[PDB]
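Contents: one structure, followed by commentary.
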Amino acid sequence: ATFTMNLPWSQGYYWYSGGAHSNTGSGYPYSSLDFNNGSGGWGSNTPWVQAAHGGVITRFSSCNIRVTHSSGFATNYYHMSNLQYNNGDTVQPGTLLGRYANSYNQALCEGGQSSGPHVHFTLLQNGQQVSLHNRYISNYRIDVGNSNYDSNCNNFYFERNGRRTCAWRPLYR
Ligand SMILES: [Zn+2]
C-alpha cells in the first residue's frame, strides 16, 4: 500500500519529541526526531519501540535497526537495545523492535552523543535520509524548525486537526 507511518507507540498513549534534526545533528536535511516516554535517566525502565510501518529489517549493530517499506521509504531507529530481529526479517506496523537503551554505552554502540535514554528516529528514502518537513506520522503533519533541534513552537511542531503539539509536550497517538 501507500507508505504511511505511525508514531512508534500505542494508540491513545503519549511520548515526547524534540525538534527535527539531521541524522548527525549538523547540516541538512532535518530527517530525525528524538522520542522518549519520560521513564527517567540512565538505568531507568525504558520502553519498547514499535515499528512505525511494515517492511524488511536491516540490523546494523546491537543498537541500530531499520525497517524498509516496499516503497523504498524506511525508518531507522538508533540508541537501541534488546533488538528482536535480524537482516531480512519482515515486520508489521506496531511490531516490538527492541527497547531504546537504558545504558549509556549501549545507546552509543556506534558513536554519537546522548543526554539521556531516547530513540533517534530517522526517515529515509532509497537508503538516504530525507527531510521530515510536510511528511505525516499518525496523521500529524511535521513542520520542521529553522535549525537542528529547533524547538520553538512557531517553527517546529506536529499539527493534527488544526492544532499544534510542540516539542517536549505530550504527543498522543
Ligand atoms: Zn537524534
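Here's how to read the names in the C-alpha cells: chain A, B, ... by the order shown, residue numbers from 1 in each chain, ligand numbers from 1 in the order shown.
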
- Task: For ligand 1, list the contacting residues at 7 Å or closer, counting only C-alpha atoms and all ligand atoms, as number ranges by chain.
- Result: A: 21, 23, 25, 32-34, 120-121

If you run DSSP on this backbone, which residues of chain A come out as alpha helix (DSSP H), and could you give them as a short mmCIF file (atom, residue, chain, number, x, y, z; two decimals) with C-alpha atoms, in the first residue's frame?
data_model
loop_
_atom_site.label_atom_id
_atom_site.label_comp_id
_atom_site.auth_asym_id
_atom_site.auth_seq_id
_atom_site.Cartn_x
_atom_site.Cartn_y
_atom_site.Cartn_z
CA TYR A 104 24.91 4.94 28.02
CA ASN A 105 27.44 2.59 26.41
CA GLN A 106 24.74 0.53 24.69
CA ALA A 107 22.99 3.68 23.46
#

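Distance check against residue 169 of chain A using only C-alpha atoms: of A:27, A:119, A:4, A:36, the minimum falls on A:36.
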
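Minimum distance to residue 110 of chain A across A:130, A:1, A:63, A:96 (counting only C-alpha atoms) occurs at A:63.
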
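The list of residues with at least one atom within 10 Å of residue 133 of chain A, based on only C-alpha atoms and without residues fewer than 5 positions apart in the same chain, reads residues 20, 29, 30, 31, 141, 142, 143, 144, 145 and 156 of chain A.
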
Generate a file of the selected residues that holds N, CA, C and O atoms, formatted as a PDB file, in the first residue's frame.
ATOM      1  N   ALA A  20      13.131  18.600  15.068  1.00  0.00           N
ATOM      2  CA  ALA A  20      13.706  17.878  13.940  1.00  0.00           C
ATOM      3  C   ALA A  20      15.175  18.237  13.761  1.00  0.00           C
ATOM      4  O   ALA A  20      15.584  19.386  13.963  1.00  0.00           O
ATOM      5  N   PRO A  29      19.421  17.182   5.560  1.00  0.00           N
ATOM      6  CA  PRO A  29      18.074  17.696   5.857  1.00  0.00           C
ATOM      7  C   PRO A  29      17.662  17.369   7.292  1.00  0.00           C
ATOM      8  O   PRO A  29      18.385  16.613   7.934  1.00  0.00           O
ATOM      9  N   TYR A  30      16.544  17.913   7.787  1.00  0.00           N
ATOM     10  CA  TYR A  30      16.085  17.590   9.145  1.00  0.00           C
ATOM     11  C   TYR A  30      15.217  16.344   9.043  1.00  0.00           C
ATOM     12  O   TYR A  30      13.995  16.414   8.889  1.00  0.00           O
ATOM     13  N   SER A  31      15.873  15.197   9.157  1.00  0.00           N
ATOM     14  CA  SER A  31      15.302  13.883   8.888  1.00  0.00           C
ATOM     15  C   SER A  31      14.895  13.118  10.138  1.00  0.00           C
ATOM     16  O   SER A  31      14.291  12.047  10.016  1.00  0.00           O
ATOM     17  N   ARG A 141       0.906  16.371  10.590  1.00  0.00           N
ATOM     18  CA  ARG A 141       1.901  16.933   9.685  1.00  0.00           C
ATOM     19  C   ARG A 141       3.084  17.406  10.514  1.00  0.00           C
ATOM     20  O   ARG A 141       2.896  18.072  11.534  1.00  0.00           O
ATOM     21  N   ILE A 142       4.296  17.054  10.091  1.00  0.00           N
ATOM     22  CA  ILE A 142       5.511  17.507  10.763  1.00  0.00           C
ATOM     23  C   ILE A 142       5.969  18.806  10.114  1.00  0.00           C
ATOM     24  O   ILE A 142       6.147  18.874   8.892  1.00  0.00           O
ATOM     25  N   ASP A 143       6.155  19.837  10.920  1.00  0.00           N
ATOM     26  CA  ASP A 143       6.687  21.103  10.434  1.00  0.00           C
ATOM     27  C   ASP A 143       8.060  21.284  11.065  1.00  0.00           C
ATOM     28  O   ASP A 143       8.159  21.449  12.280  1.00  0.00           O
ATOM     29  N   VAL A 144       9.116  21.271  10.254  1.00  0.00           N
ATOM     30  CA  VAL A 144      10.460  21.363  10.830  1.00  0.00           C
ATOM     31  C   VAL A 144      10.793  22.817  11.165  1.00  0.00           C
ATOM     32  O   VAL A 144      10.207  23.765  10.635  1.00  0.00           O
ATOM     33  N   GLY A 145      11.752  22.990  12.071  1.00  0.00           N
ATOM     34  CA  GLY A 145      12.183  24.303  12.503  1.00  0.00           C
ATOM     35  C   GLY A 145      13.266  24.866  11.606  1.00  0.00           C
ATOM     36  O   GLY A 145      13.488  24.403  10.486  1.00  0.00           O
ATOM     37  N   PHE A 156       8.804  24.748  14.839  1.00  0.00           N
ATOM     38  CA  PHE A 156       8.720  23.292  14.836  1.00  0.00           C
ATOM     39  C   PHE A 156       7.466  22.858  15.572  1.00  0.00           C
ATOM     40  O   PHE A 156       7.235  23.295  16.707  1.00  0.00           O
TER      41      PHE A 156
END

For segment 124-129 of chain A: contacts at 10 Å, only C-alpha atoms, fewer than 4 positions along chain excluded, given as a tab-separated table (two decimals) with N, CA and C atoms, in the first residue's frame:
chain	number	residue	atom	x	y	z
A	22	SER	N	19.07	16.68	11.61
A	22	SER	CA	19.68	15.71	10.72
A	22	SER	C	20.15	14.50	11.51
A	23	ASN	N	20.53	13.45	10.77
A	23	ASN	CA	20.96	12.22	11.42
A	23	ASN	C	22.13	12.46	12.36
A	28	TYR	N	22.00	19.52	6.86
A	28	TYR	CA	20.69	19.16	6.30
A	28	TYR	C	20.64	17.72	5.77
A	29	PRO	N	19.42	17.18	5.56
A	29	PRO	CA	18.07	17.70	5.86
A	29	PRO	C	17.66	17.37	7.29
A	30	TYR	N	16.54	17.91	7.79
A	30	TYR	CA	16.08	17.59	9.14
A	30	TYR	C	15.22	16.34	9.04
A	31	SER	N	15.87	15.20	9.16
A	31	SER	CA	15.30	13.88	8.89
A	31	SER	C	14.90	13.12	10.14
A	32	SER	N	15.25	13.60	11.32
A	32	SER	CA	15.24	12.78	12.52
A	32	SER	C	14.52	13.48	13.67
A	66	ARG	N	16.74	-0.93	11.17
A	66	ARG	CA	15.98	-0.21	10.16
A	66	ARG	C	14.86	-1.09	9.60
A	67	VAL	N	13.73	-0.46	9.30
A	67	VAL	CA	12.60	-1.10	8.63
A	67	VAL	C	12.43	-0.44	7.27
A	68	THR	N	12.61	-1.20	6.19
A	68	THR	CA	12.46	-0.68	4.84
A	68	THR	C	11.15	-1.15	4.23
A	69	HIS	N	10.29	-0.19	3.90
A	69	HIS	CA	8.98	-0.42	3.31
A	69	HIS	C	9.11	-0.80	1.84
A	71	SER	N	7.91	0.53	-0.58
A	71	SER	CA	8.05	1.73	-1.39
A	71	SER	C	9.48	2.26	-1.45
A	72	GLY	N	10.39	1.73	-0.64
A	72	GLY	CA	11.72	2.29	-0.54
A	72	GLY	C	11.89	3.39	0.49
A	73	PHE	N	10.80	3.86	1.09
A	73	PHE	CA	10.92	4.63	2.33
A	73	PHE	C	11.27	3.69	3.47
A	74	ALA	N	11.96	4.24	4.48
A	74	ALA	CA	12.42	3.42	5.58
A	74	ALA	C	12.50	4.30	6.82
A	75	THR	N	12.34	3.68	7.97
A	75	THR	CA	12.60	4.36	9.23
A	75	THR	C	13.76	3.67	9.93
A	76	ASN	N	14.65	4.47	10.50
A	76	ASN	CA	15.82	3.98	11.20
A	76	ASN	C	15.67	4.32	12.67

- Item | Contact residues around residue 15 of chain A with only C-alpha atoms at 9 Å, ignoring same-chain residues under 2 positions, as number ranges by chain | A: 9, 13, 17, 35-38, 168-173

Those residues with C-alpha atoms, as a PDB file, in the first residue's frame please?
ATOM      1  CA  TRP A   9       3.937   3.748  20.471  1.00  0.00           C
ATOM      2  CA  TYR A  13      -0.638   6.864  24.659  1.00  0.00           C
ATOM      3  CA  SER A  17       9.527  14.522  20.881  1.00  0.00           C
ATOM      4  CA  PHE A  35      11.448  10.302  21.138  1.00  0.00           C
ATOM      5  CA  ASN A  36      11.210   9.300  24.795  1.00  0.00           C
ATOM      6  CA  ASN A  37       8.370   8.359  27.135  1.00  0.00           C
ATOM      7  CA  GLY A  38       9.692  10.148  30.221  1.00  0.00           C
ATOM      8  CA  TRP A 168       8.628  18.389  24.791  1.00  0.00           C
ATOM      9  CA  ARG A 169       4.834  18.209  25.189  1.00  0.00           C
ATOM     10  CA  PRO A 170       2.634  15.056  25.343  1.00  0.00           C
ATOM     11  CA  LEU A 171       2.355  13.777  21.779  1.00  0.00           C
ATOM     12  CA  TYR A 172      -0.662  11.449  21.675  1.00  0.00           C
ATOM     13  CA  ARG A 173      -1.033   8.794  19.061  1.00  0.00           C
TER      14      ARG A 173
END

Could you please write out, as a JSON list (two decimals) with N, CA and C atoms, in the first residue's frame, every residue of chain A that DSSP assigns to strand (DSSP E)?
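out.json was written with the following content:
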[["chain", "number", "residue", "atom", "x", "y", "z"],
["A", 14, "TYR", "N", 0.91, 8.71, 25.01],
["A", 14, "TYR", "CA", 1.77, 9.81, 24.57],
["A", 14, "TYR", "C", 3.22, 9.55, 24.98],
["A", 15, "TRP", "N", 4.14, 9.92, 24.09],
["A", 15, "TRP", "CA", 5.55, 10.12, 24.40],
["A", 15, "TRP", "C", 5.86, 11.59, 24.14],
["A", 16, "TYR", "N", 7.15, 11.93, 24.19],
["A", 16, "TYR", "CA", 7.63, 13.28, 23.93],
["A", 16, "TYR", "C", 8.60, 13.26, 22.75],
["A", 17, "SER", "N", 8.59, 14.35, 21.98],
["A", 17, "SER", "CA", 9.53, 14.52, 20.88],
["A", 17, "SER", "C", 10.29, 15.82, 21.05],
["A", 32, "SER", "N", 15.25, 13.60, 11.32],
["A", 32, "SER", "CA", 15.24, 12.78, 12.52],
["A", 32, "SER", "C", 14.52, 13.48, 13.67],
["A", 33, "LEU", "N", 13.99, 12.67, 14.58],
["A", 33, "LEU", "CA", 13.36, 13.11, 15.82],
["A", 33, "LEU", "C", 13.85, 12.23, 16.95],
["A", 34, "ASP", "N", 14.03, 12.81, 18.14],
["A", 34, "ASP", "CA", 14.35, 12.04, 19.33],
["A", 34, "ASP", "C", 13.08, 11.88, 20.16],
["A", 35, "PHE", "N", 12.66, 10.63, 20.38],
["A", 35, "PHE", "CA", 11.45, 10.30, 21.14],
["A", 35, "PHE", "C", 11.81, 9.67, 22.48],
["A", 36, "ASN", "N", 11.07, 10.03, 23.53],
["A", 36, "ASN", "CA", 11.21, 9.30, 24.80],
["A", 36, "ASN", "C", 9.90, 9.38, 25.56],
["A", 48, "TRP", "N", 9.70, -0.33, 25.16],
["A", 48, "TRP", "CA", 9.88, -0.94, 23.85],
["A", 48, "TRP", "C", 9.39, 0.02, 22.78],
["A", 49, "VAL", "N", 10.03, -0.05, 21.61],
["A", 49, "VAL", "CA", 9.77, 0.83, 20.47],
["A", 49, "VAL", "C", 9.07, 0.00, 19.40],
["A", 50, "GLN", "N", 7.95, 0.51, 18.87],
["A", 50, "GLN", "CA", 7.18, -0.20, 17.85],
["A", 50, "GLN", "C", 7.59, 0.25, 16.45],
["A", 55, "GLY", "N", 7.79, -3.70, 6.87],
["A", 55, "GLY", "CA", 8.88, -3.79, 5.92],
["A", 55, "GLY", "C", 9.93, -4.82, 6.33],
["A", 56, "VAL", "N", 11.07, -4.74, 5.64],
["A", 56, "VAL", "CA", 12.18, -5.67, 5.80],
["A", 56, "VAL", "C", 13.22, -5.05, 6.72],
["A", 57, "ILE", "N", 13.78, -5.87, 7.62],
["A", 57, "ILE", "CA", 14.72, -5.41, 8.63],
["A", 57, "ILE", "C", 16.13, -5.37, 8.07],
["A", 58, "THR", "N", 16.87, -4.31, 8.42],
["A", 58, "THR", "CA", 18.33, -4.30, 8.36],
["A", 58, "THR", "C", 18.82, -4.02, 9.77],
["A", 59, "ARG", "N", 19.67, -4.90, 10.31],
["A", 59, "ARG", "CA", 20.25, -4.73, 11.64],
["A", 59, "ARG", "C", 21.72, -4.36, 11.47],
["A", 60, "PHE", "N", 22.05, -3.11, 11.79],
["A", 60, "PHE", "CA", 23.42, -2.65, 11.56],
["A", 60, "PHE", "C", 24.34, -3.01, 12.72],
["A", 61, "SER", "N", 23.79, -3.12, 13.92],
["A", 61, "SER", "CA", 24.56, -3.34, 15.14],
["A", 61, "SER", "C", 23.55, -3.67, 16.23],
["A", 64, "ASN", "N", 21.13, -0.42, 16.51],
["A", 64, "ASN", "CA", 20.81, 0.31, 15.28],
["A", 64, "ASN", "C", 20.09, -0.62, 14.32],
["A", 65, "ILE", "N", 18.81, -0.35, 14.06],
["A", 65, "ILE", "CA", 17.98, -1.23, 13.24],
["A", 65, "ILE", "C", 17.11, -0.37, 12.33],
["A", 66, "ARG", "N", 16.74, -0.93, 11.17],
["A", 66, "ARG", "CA", 15.98, -0.21, 10.16],
["A", 66, "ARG", "C", 14.86, -1.09, 9.60],
["A", 67, "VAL", "N", 13.73, -0.46, 9.30],
["A", 67, "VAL", "CA", 12.60, -1.10, 8.63],
["A", 67, "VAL", "C", 12.43, -0.44, 7.27],
["A", 68, "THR", "N", 12.61, -1.20, 6.19],
["A", 68, "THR", "CA", 12.46, -0.68, 4.84],
["A", 68, "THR", "C", 11.15, -1.15, 4.23],
["A", 73, "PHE", "N", 10.80, 3.86, 1.09],
["A", 73, "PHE", "CA", 10.92, 4.63, 2.33],
["A", 73, "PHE", "C", 11.27, 3.69, 3.47],
["A", 74, "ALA", "N", 11.96, 4.24, 4.48],
["A", 74, "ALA", "CA", 12.42, 3.42, 5.58],
["A", 74, "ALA", "C", 12.50, 4.30, 6.82],
["A", 75, "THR", "N", 12.34, 3.68, 7.97],
["A", 75, "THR", "CA", 12.60, 4.36, 9.23],
["A", 75, "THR", "C", 13.76, 3.67, 9.93],
["A", 76, "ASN", "N", 14.65, 4.47, 10.50],
["A", 76, "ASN", "CA", 15.82, 3.98, 11.20],
["A", 76, "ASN", "C", 15.67, 4.32, 12.67],
["A", 77, "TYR", "N", 16.11, 3.40, 13.54],
["A", 77, "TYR", "CA", 15.95, 3.50, 14.99],
["A", 77, "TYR", "C", 17.32, 3.31, 15.62],
["A", 78, "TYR", "N", 17.85, 4.35, 16.26],
["A", 78, "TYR", "CA", 19.19, 4.32, 16.83],
["A", 78, "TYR", "C", 19.12, 4.59, 18.33],
["A", 80, "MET", "N", 19.39, 1.82, 20.42],
["A", 80, "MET", "CA", 18.50, 0.72, 20.77],
["A", 80, "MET", "C", 19.21, -0.33, 21.61],
["A", 81, "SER", "N", 18.40, -1.21, 22.21],
["A", 81, "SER", "CA", 18.89, -2.41, 22.89],
["A", 81, "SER", "C", 17.86, -3.51, 22.73],
["A", 90, "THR", "N", 10.90, -9.83, 8.30],
["A", 90, "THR", "CA", 9.78, -8.96, 7.96],
["A", 90, "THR", "C", 9.03, -8.60, 9.24],
["A", 91, "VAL", "N", 8.65, -7.32, 9.37],
["A", 91, "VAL", "CA", 7.83, -6.89, 10.49],
["A", 91, "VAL", "C", 6.61, -6.16, 9.95],
["A", 96, "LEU", "N", 7.15, -4.95, 18.03],
["A", 96, "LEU", "CA", 8.17, -4.55, 19.01],
["A", 96, "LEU", "C", 9.57, -4.83, 18.46],
["A", 97, "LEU", "N", 10.34, -3.77, 18.16],
["A", 97, "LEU", "CA", 11.66, -3.94, 17.56],
["A", 97, "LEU", "C", 12.75, -4.18, 18.60],
["A", 98, "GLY", "N", 12.55, -3.67, 19.80],
["A", 98, "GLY", "CA", 13.60, -3.58, 20.80],
["A", 98, "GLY", "C", 13.22, -2.49, 21.77],
["A", 99, "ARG", "N", 14.11, -2.24, 22.72],
["A", 99, "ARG", "CA", 13.96, -1.10, 23.62],
["A", 99, "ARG", "C", 14.92, -0.01, 23.19],
["A", 100, "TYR", "N", 14.63, 1.24, 23.55],
["A", 100, "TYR", "CA", 15.73, 2.19, 23.47],
["A", 100, "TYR", "C", 16.55, 2.04, 24.74],
["A", 119, "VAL", "N", 15.04, 7.15, 21.68],
["A", 119, "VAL", "CA", 15.32, 6.59, 20.36],
["A", 119, "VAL", "C", 15.50, 7.74, 19.38],
["A", 120, "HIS", "N", 16.58, 7.68, 18.59],
["A", 120, "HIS", "CA", 16.83, 8.59, 17.49],
["A", 120, "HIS", "C", 16.16, 7.99, 16.27],
["A", 121, "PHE", "N", 15.09, 8.62, 15.80],
["A", 121, "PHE", "CA", 14.21, 8.10, 14.76],
["A", 121, "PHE", "C", 14.43, 8.88, 13.46],
["A", 122, "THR", "N", 14.70, 8.18, 12.35],
["A", 122, "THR", "CA", 15.10, 8.83, 11.10],
["A", 122, "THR", "C", 14.28, 8.30, 9.93],
["A", 123, "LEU", "N", 13.85, 9.21, 9.05],
["A", 123, "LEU", "CA", 13.16, 8.85, 7.81],
["A", 123, "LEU", "C", 14.15, 8.84, 6.65],
["A", 124, "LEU", "N", 14.10, 7.79, 5.83],
["A", 124, "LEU", "CA", 14.98, 7.65, 4.70],
["A", 124, "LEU", "C", 14.16, 7.32, 3.46],
["A", 125, "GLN", "N", 14.72, 7.62, 2.30],
["A", 125, "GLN", "CA", 14.20, 7.11, 1.04],
["A", 125, "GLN", "C", 15.39, 6.65, 0.21],
["A", 128, "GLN", "N", 18.75, 6.92, 1.82],
["A", 128, "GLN", "CA", 19.30, 8.23, 2.12],
["A", 128, "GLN", "C", 18.35, 8.99, 3.02],
["A", 129, "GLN", "N", 18.88, 9.72, 4.00],
["A", 129, "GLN", "CA", 17.97, 10.45, 4.87],
["A", 129, "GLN", "C", 17.27, 11.55, 4.08],
["A", 136, "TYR", "N", 4.04, 13.05, 7.16],
["A", 136, "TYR", "CA", 2.97, 12.76, 8.10],
["A", 136, "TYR", "C", 3.31, 11.54, 8.94],
["A", 137, "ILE", "N", 2.90, 11.58, 10.21],
["A", 137, "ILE", "CA", 3.03, 10.43, 11.09],
["A", 137, "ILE", "C", 1.81, 10.41, 12.02],
["A", 140, "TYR", "N", -0.43, 13.38, 11.94],
["A", 140, "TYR", "CA", 0.18, 14.69, 12.20],
["A", 140, "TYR", "C", 1.02, 15.11, 11.00],
["A", 141, "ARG", "N", 0.91, 16.37, 10.59],
["A", 141, "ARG", "CA", 1.90, 16.93, 9.69],
["A", 141, "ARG", "C", 3.08, 17.41, 10.51],
["A", 142, "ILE", "N", 4.30, 17.05, 10.09],
["A", 142, "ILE", "CA", 5.51, 17.51, 10.76],
["A", 142, "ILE", "C", 5.97, 18.81, 10.11],
["A", 143, "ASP", "N", 6.15, 19.84, 10.92],
["A", 143, "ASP", "CA", 6.69, 21.10, 10.43],
["A", 143, "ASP", "C", 8.06, 21.28, 11.06],
["A", 157, "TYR", "N", 6.69, 21.96, 14.96],
["A", 157, "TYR", "CA", 5.53, 21.39, 15.64],
["A", 157, "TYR", "C", 4.98, 20.22, 14.83],
["A", 158, "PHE", "N", 4.10, 19.46, 15.49],
["A", 158, "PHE", "CA", 3.24, 18.47, 14.88],
["A", 158, "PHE", "C", 1.82, 19.04, 14.82],
["A", 159, "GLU", "N", 1.16, 18.91, 13.67],
["A", 159, "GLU", "CA", -0.16, 19.52, 13.51],
["A", 159, "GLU", "C", -1.19, 18.45, 13.12],
["A", 160, "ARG", "N", -2.27, 18.36, 13.89],
["A", 160, "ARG", "CA", -3.37, 17.45, 13.59],
["A", 160, "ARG", "C", -4.67, 18.12, 14.02],
["A", 163, "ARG", "N", -4.58, 21.71, 15.20],
["A", 163, "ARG", "CA", -3.98, 22.05, 16.49],
["A", 163, "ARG", "C", -2.52, 21.59, 16.52],
["A", 164, "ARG", "N", -1.66, 22.38, 17.18],
["A", 164, "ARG", "CA", -0.24, 22.09, 17.20],
["A", 164, "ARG", "C", 0.15, 21.41, 18.50],
["A", 165, "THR", "N", 1.03, 20.43, 18.40],
["A", 165, "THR", "CA", 1.73, 19.88, 19.55],
["A", 165, "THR", "C", 3.20, 20.23, 19.42],
["A", 171, "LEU", "N", 2.71, 14.03, 23.17],
["A", 171, "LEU", "CA", 2.36, 13.78, 21.78],
["A", 171, "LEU", "C", 1.55, 12.48, 21.73],
["A", 172, "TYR", "N", 0.22, 12.61, 21.63],
["A", 172, "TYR", "CA", -0.66, 11.45, 21.68],
["A", 172, "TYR", "C", -0.76, 10.79, 20.31]]

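Here atom CA of residue 5 of chain A stands at a distance of 9.2 Å from atom CA of residue 135 of chain A.
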